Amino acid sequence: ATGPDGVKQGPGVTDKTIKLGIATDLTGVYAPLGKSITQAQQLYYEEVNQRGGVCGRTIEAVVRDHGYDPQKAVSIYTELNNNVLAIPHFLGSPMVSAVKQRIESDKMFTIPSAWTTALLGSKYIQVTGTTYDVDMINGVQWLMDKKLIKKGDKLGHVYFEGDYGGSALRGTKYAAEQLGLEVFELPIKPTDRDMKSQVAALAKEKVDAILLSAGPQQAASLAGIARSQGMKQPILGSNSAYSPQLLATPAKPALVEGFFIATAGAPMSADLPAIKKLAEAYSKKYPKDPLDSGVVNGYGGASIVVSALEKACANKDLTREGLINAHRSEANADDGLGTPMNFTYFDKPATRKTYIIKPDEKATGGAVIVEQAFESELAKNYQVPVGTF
């Protein structure tokens, strides 16, 4: 329990090692993005280890694949929880929801790649960036500002049922109420591979804009089918409704025009020194794995946990209490990757600024900024739910 350097050691911490857990999707709908996130975290931890680790201890990240399935995530959580100090990458809103009570009981610092409001309200869970609702509020306001929609128009929102799509949808509906828009709602599951019935329904409803809270496979299908039907409505996706791999498929033309993504994260093409450095470092380590916005997300999550570990080390306290208090002492985080945040609270989003990006085969990371990160008044005044959607 206390190392020979006088540092208190919690679960997963020995005299020479700090074990961290990663619960991701390597095989399901988010496979290429979970790979990128996971590899970017490993890149960060390797760089740290090369510089002597933390508190003289090497960081070891153990990786489990839940396949974007909540029951498997639970099983994985119970296999890791007594033997890792923290979980700096846990992919997926329903997956982390399923273990929220255990996280709280265990005092497990968890950094999801998941942005539901259902994960707010826990000291131990850092929801990074914006929440999904705030991204759709910003995004709908942007559609109106850009005259892609007007008062009285109808939005069709295709969404993964539950925490992720439902949170996004909450934002859509708030914006629609405030702005005088109608909403047509289309729930889907991650196992729905083919969007042609959804496209048919969107067309029947004569929507003016199409919103999507799903993964890359659904985005390719929906965009491709819509454009093959002559639909000209803009498409606005949540932050994970795209991977650059899709540009190497016939969906490309339906993604590089008329398709936008609302996200708190900067793409790999942003003109920031830390982004350029990351692009070079990641490309060097993993030459065969395309750069994507998951790389940014994973490197950033690793940066968050390491910052907290270093502060906890300096307090001679690599326990779960020491770690969370180190993390929650940071009111002004800015890792240089394009998403400044405040970590001292957890009853509201860490930021309310959303970028609009689009797919671009010419750009580093397969995407470019269309609108620099902004917080609409609409989003600023919105009441964000805490621990539910």
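Sequential numbering from 1, following the sequence displayed.
- For the pair 345 to 353 and 328 to 336, the mean B factor over Cα atoms is greater in 328 to 336.
- Mean C-alpha B-factor is higher over 266 to 274 than over the other stretch, the pair under comparison being 266 to 274 and 113 to 121.
- Of the candidates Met136, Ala209, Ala73, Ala176, the one whose C-alpha carries the top B factor in the deposited record is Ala73.
- Among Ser93, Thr78, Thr131, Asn239, the highest C-alpha B-factor in the deposited entry belongs to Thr78.
- When the modelled residues of the chain are ordered by C-alpha B-factor, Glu280 sits in the highest third.
- Sort the chain's modelled residues by C-alpha temperature factor and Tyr286 lands in the highest third, per the entry.
- Ranked within its chain, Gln217 lands in the middle third, by CA B factor from the PDB record.
- In the deposited entry, the Cα temperature factor of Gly67 sits in the middle third of values across the chain's modelled residues.
- Among the modelled residues of its chain, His89 has a C-alpha B-factor that falls in the lowest third, as given in the PDB entry.
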